[PDB]
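There is one chain below, alone, in C-alpha cells, taken in the form deposited in one PDB entry.
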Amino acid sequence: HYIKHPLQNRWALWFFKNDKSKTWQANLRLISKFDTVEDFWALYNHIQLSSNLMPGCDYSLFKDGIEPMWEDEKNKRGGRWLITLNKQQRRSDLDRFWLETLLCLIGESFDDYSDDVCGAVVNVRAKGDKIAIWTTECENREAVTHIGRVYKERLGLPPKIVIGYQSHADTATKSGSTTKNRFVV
C-alpha cells in the first residue's frame, strides 16, 4: 500500500525560450502541474535525466493560477529576490541552488510568509545564470525581508554576498542588472 503525500499548494512548471524577435509573452509554455511530493520528484528527476540546460531556456515554478510574468494580478505589485551566479557557478552550484529554491517553495519554508510567495524563476544565460523568488507585494517590508533572510541562509551564500530585492515595476522600466533595489539582505 502506497499513499501519495499532498503539498500545501498546487504548482505549475513553465518553460520559456528566449527570442527578442517575438513578443515576450509568446515565448512562455505551461509544462505541467503537480500537488504531491511524489509528482514533484517525478517531474524534477525526469528533467534532470532526459533534458539538457540551454542558454535562453528558463524554467519557472509558480503557484497554480499565477502566470510567471509581471502582468499577473499577483505579480504586478510585487518583486523578486535575485541571485546572480558567476559563469563558473553554472557547474556544481546552479543545480544545487535551483533544487534548494524549489524545495523552499513546495515545502513552504517561509512559514506564514510563504503566502506572499508567487514562484521562482531560473534564467540560463551565457552572461551568468540567475535564480529568483518572486513575491506578491514589494512594499511588505516584513514579509519580503523575512523571505530574503531565510532564502539566503537556505542557499548557504557567504554573508558578504549581498542579494537584492527588485520591484517588478522598477524592472519593467529598466533592466534586472541596472534596476536598483528596494531591499538588500
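Residues that one form lacks are left out of the comparison. One rule holds for the numbers: they count along the sequence shown, beginning at 1. Between two forms, the rigid core is the largest collection of C-alphas that superpose within 1.5 Å.
Modelled in this chain, residue 164 is likewise resolved in all the other entries of the protein that span it on both sides, not missing from even a third of them. Compared with other PDB entries of the same protein, residue 8 is present in all of those that resolve the residues around it, none of them, let alone a third, dropping it. For the segment pair 45-53 and 128-136, the entry gives 45-53 the higher mean B-factor, averaged over Cα atoms. Here the stretch with the larger average CA B-factor, out of 117-125 and 65-73, is 65-73. Highest CA B-factor among the listed residues (29, 160, 152, 33): 160. Between the residues 168, 17, 10, 20, it is 20 that shows the highest Cα B-factor in the PDB record.
What comes next is about the form deposited in another entry, which does not appear here.
In the core-superposed comparison between the shown form and the other one, the C-alpha atom of residue 32 has shifted by less than 2 angstroms.
The Cα shift for residue 9 between the shown form and the other one, taken after rigid core superposition, is smaller than 2 angstroms. The Cα-Cα distance between residue 120 and residue 49 is shortened by 3 Å or more in that other deposited form relative to the form shown here. Panel note: the distance between the CA atoms of residue 101 and residue 49 is smaller in that other deposited form than in this form, the difference being 3 Å or more. Moving regions between the shown form and the other one, defined as 3+ consecutive residues each with a CA shift of at least 2 Å after core superposition, lie at 18-21, 48-52.
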